[PDB]
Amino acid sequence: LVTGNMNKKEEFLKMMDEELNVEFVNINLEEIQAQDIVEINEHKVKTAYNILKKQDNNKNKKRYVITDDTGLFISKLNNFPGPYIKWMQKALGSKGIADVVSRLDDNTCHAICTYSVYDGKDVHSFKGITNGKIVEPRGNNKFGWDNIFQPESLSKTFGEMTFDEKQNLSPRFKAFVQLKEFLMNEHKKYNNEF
């Protein structure tokens, strides 16, 4: 039980990592309001760790628990909604967000994904940022706001990509890669000490 990750909607970590084994737990986490996405996610990961601690596996050795969170920061909303994108997406949907942005002076934005890992004592966070533009929906529409996000100077949306091109621009991948190197440096450190 050395590495625990939490979601029910997500099979990205599967394909993103192969050098380590990982477990997937589903907990119903209460998020808090704050200004910094990292603050929200570190609180969430500590909260989840504690729930995993008091329930069942209360007796064991070092355990790593991981949560993620994504924000969408829209330039002409002065970087709103950030970590509240999921309430905006619930209210407006991809089409509604794109129609709002088509009424602003420009459509530039950026998406941030953060991983946070907690071992009972230490918290670590890794964020990936990808600049882009809100555009009218294109591509798959079951992946949230992927269909309206057009990264960098490209002509596609995330909803129009699969995994070859998406990964390289995915803020989640940029973040994950930092998280993997930390986990592997902890696993390597563990093994040298035996």
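Start at 1 and count along the sequence shown; that's the residue number.
Participant: Determine, for stretches 145 to 153 and 159 to 167, which one has the higher mean CA B-factor as deposited.
Facilitator: Result of the comparison: 159 to 167.
Participant: Averaging CA B factors per stretch from the PDB record, which one is higher: 50 to 58 or 24 to 32?
Facilitator: So the stretch with the higher mean C-alpha B-factor is 50 to 58.
Participant: Among all modelled residues of this chain, ranked by Cα B factor, put residue 127 in the bottom, middle or top third, i.e. lowest, middle or highest.
Facilitator: Answer is middle: the recorded C-alpha B-factor places it there.
Participant: Splitting the chain's C-alpha B-factors into thirds, which one does residue 133 fall into?
Facilitator: Tercile = lowest for this residue's CA B-factor.
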